[PDB]
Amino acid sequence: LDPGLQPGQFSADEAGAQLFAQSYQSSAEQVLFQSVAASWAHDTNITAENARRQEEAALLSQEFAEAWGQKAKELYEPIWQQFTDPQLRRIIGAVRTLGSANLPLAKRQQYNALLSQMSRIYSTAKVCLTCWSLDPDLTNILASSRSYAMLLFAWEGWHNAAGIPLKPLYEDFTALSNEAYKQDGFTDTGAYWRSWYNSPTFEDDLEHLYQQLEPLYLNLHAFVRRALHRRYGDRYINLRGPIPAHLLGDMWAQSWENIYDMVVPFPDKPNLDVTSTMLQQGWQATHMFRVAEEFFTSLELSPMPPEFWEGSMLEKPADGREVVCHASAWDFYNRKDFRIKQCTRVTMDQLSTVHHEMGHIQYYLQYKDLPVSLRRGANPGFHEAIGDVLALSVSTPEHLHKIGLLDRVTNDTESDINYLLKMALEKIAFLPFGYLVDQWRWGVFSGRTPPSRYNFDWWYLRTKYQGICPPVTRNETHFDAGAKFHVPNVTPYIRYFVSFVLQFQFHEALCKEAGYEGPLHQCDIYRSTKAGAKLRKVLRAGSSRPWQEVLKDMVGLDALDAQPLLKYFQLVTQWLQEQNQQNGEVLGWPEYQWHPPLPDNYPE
């Protein structure tokens, strides 16, 4: 490590620790930037050399974390928990957590290389027999094909192509990650991930939230299963069993908005999927980002800086260059460079994804002057929620009308139910998946789920929570969890379950602050500077204050609460119950063993 990056000498007291933290954040800005820059060069251009460079930068980051973590323990390990400055206590506690820097040098290299190789496998995997990529090809098949056999070939092809080669690498990664964080005092890596929420009863609190939300998912599930039965028949749909996992519009069955046109109860009413209109009007990726930006500036939040427009990758490159297409937002920790990398497609759900990613950017811009250790969300779920809150207003029929994507809708009951159903397909359907992914990974990290049960336990959870089943037989050669981006790319997932609850709490708070008075699901905070001010306070706080205090300042409550979500969907929650009762539906999937048969003469 460069001598200028190595830590100096400081007194072993709170005053010296304050100086220590300043010198830490000073040098960390330079180390973080070279790491983020090298990761960016790789993710927008996957090659062996860029992987080599990214691993060089990761090693330097670990050397830096080792030097500064060791110094923090030498000086402050006995005393930092009694410092009077709470923000200093948070900084010092972080620096003394070394993570992968606890590993010997050889295992650091092994750890860094596993990350590079898992990333390459996921983002370069293809389904052949010409070859299809996940984004756009298989994504478009899953969203729009209504051919059981075609959807199956895409689902099986993708899960086999991505998951199988990842499994031996993921086993090695898990072992090294655990070895690293055990030396920080964590029982396993998952315990470190959960520690970010600073809640002794986190897992119980989540379970209690899901208990309040599960009736909503069960009724949506049964309603959608009934529509699928009519399209595909009794041979492929079991009205008392799990839904085949390839039929819900999405490779992971995690959001169901793409089958809206199959389940929309009133197709005579205006089409609330404005994708057709976006294409008819000539929207491109740049228009989508500019429209998202203008929502932020309407709230008197910040526009995207020139560095964002000049450096971002907003479309998949056409030079054949291989990229990580999964959408992501990037902070280079130099207070200047901020970018999105998205293989943007012109659809309504992509417009929502654009808002999601620009929410991260807005966060980055609002806390860019905090010390680096505080340049985080109040917790990770806060970061994933910011853009989704704005998209809730954008999706309203009235707002779509304002931006020319919808000829004004009549404010009738068929239309309110159409809208809340479409929103349920996007938000309620996701809840079980947002909850289960890290339940799976927590069990892998803890050792409850050894490699010999990776797929058994994954499908246990997928059936338990989502009520889906694999449409072809799976065994432990398969690694279907690995076919989801966040697993090989080691991005935690419980943040998205937290986000999907939190965003309705934020929405209710901002709508009240904006002066809105009508139904919560018709609120649009567009151009509310008061609502922007209340959001800006959250964003500028970073992680300087406990998320429970930041939340109470914003919404009046210091905990996650499902009531705003329930109040948002109240009308369609009632409607769905009635429909399922009238159709005599069974809620849930008591024939839990059921799997569909194979199409005749598949794969031909």
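From 1 onward, residues are counted along the sequence shown. Between two forms, the rigid core is the largest collection of C-alphas that superpose within 1.5 Å.
Asker: After fitting on the rigid core, pick out whichever of 433-441 or 84-92 shows the bigger RMS C-alpha deviation in 6 other deposited structures of this protein.
Answerer: It is 84-92 whose C-alphas lie farther from the shown form in 6 other deposited structures of this protein.
Asker: C-alpha RMS from this form in 6 other deposited structures of this protein, rigid core superposed: larger for 262-270 or 307-315?
Answerer: Comparing 307-315 with 262-270, the one that moves more in 6 other deposited structures of this protein is 262-270.
Asker: Between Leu129 and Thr130, determine how many residues of the deposited chain lack coordinates; answer none if the chain runs continuously, otherwise 1 to 3, 4 to 9, or 10 or more.
Answerer: Per the record, 4 to 9 deposited residues are absent between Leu129 and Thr130.
Asker: Could you check which stretch, 490-498 or 407-415, carries the larger mean CA temperature factor in the entry?
Answerer: The deposited B-factors put 407-415 ahead on the C-alpha mean.
Asker: Which wins on mean Cα temperature factor, 7-15 or 581-589?
Answerer: According to the entry, 7-15 carries the higher average C-alpha B-factor.
Asker: Given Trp440, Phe296, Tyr76, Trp256, identify the residue with the highest C-alpha B factor in the PDB entry.
Answerer: The listed residue with the largest C-alpha B-factor is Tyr76.
Asker: Please pick out which of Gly185, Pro242, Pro380, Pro397 has the largest Cα B-factor as recorded in the entry.
Answerer: Reading the PDB entry, the winner on C-alpha B-factor is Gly185.
Asker: Considering only modelled residues of the same chain, in which third does the CA B-factor of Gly434 rank: lowest, middle or highest?
Answerer: For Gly434, whose C-alpha B-factor we compare with every modelled residue in the chain, the answer is the lowest third.
Asker: According to the PDB entry, is the CA B factor of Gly387 in the bottom, middle or top third of its chain, that is, lowest, middle or highest?
Answerer: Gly387: CA B-factor falls in the lowest third of its chain.
Asker: Comparing against every modelled residue in the chain, figure out the third that the C-alpha B-factor of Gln211 lands in (lowest, middle or highest).
Answerer: Middle third by C-alpha B-factor.
Asker: When the modelled residues of the chain are sorted by Cα temperature factor, does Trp155 land in the lowest, middle or highest third?
Answerer: For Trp155, the deposited C-alpha B-factor lands in the lowest third.
Asker: What third of the chain, by the recorded C-alpha B-factor, contains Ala106?
Answerer: Its C-alpha B-factor, which the entry lists for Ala106, ranks in the highest third among residues of this chain.
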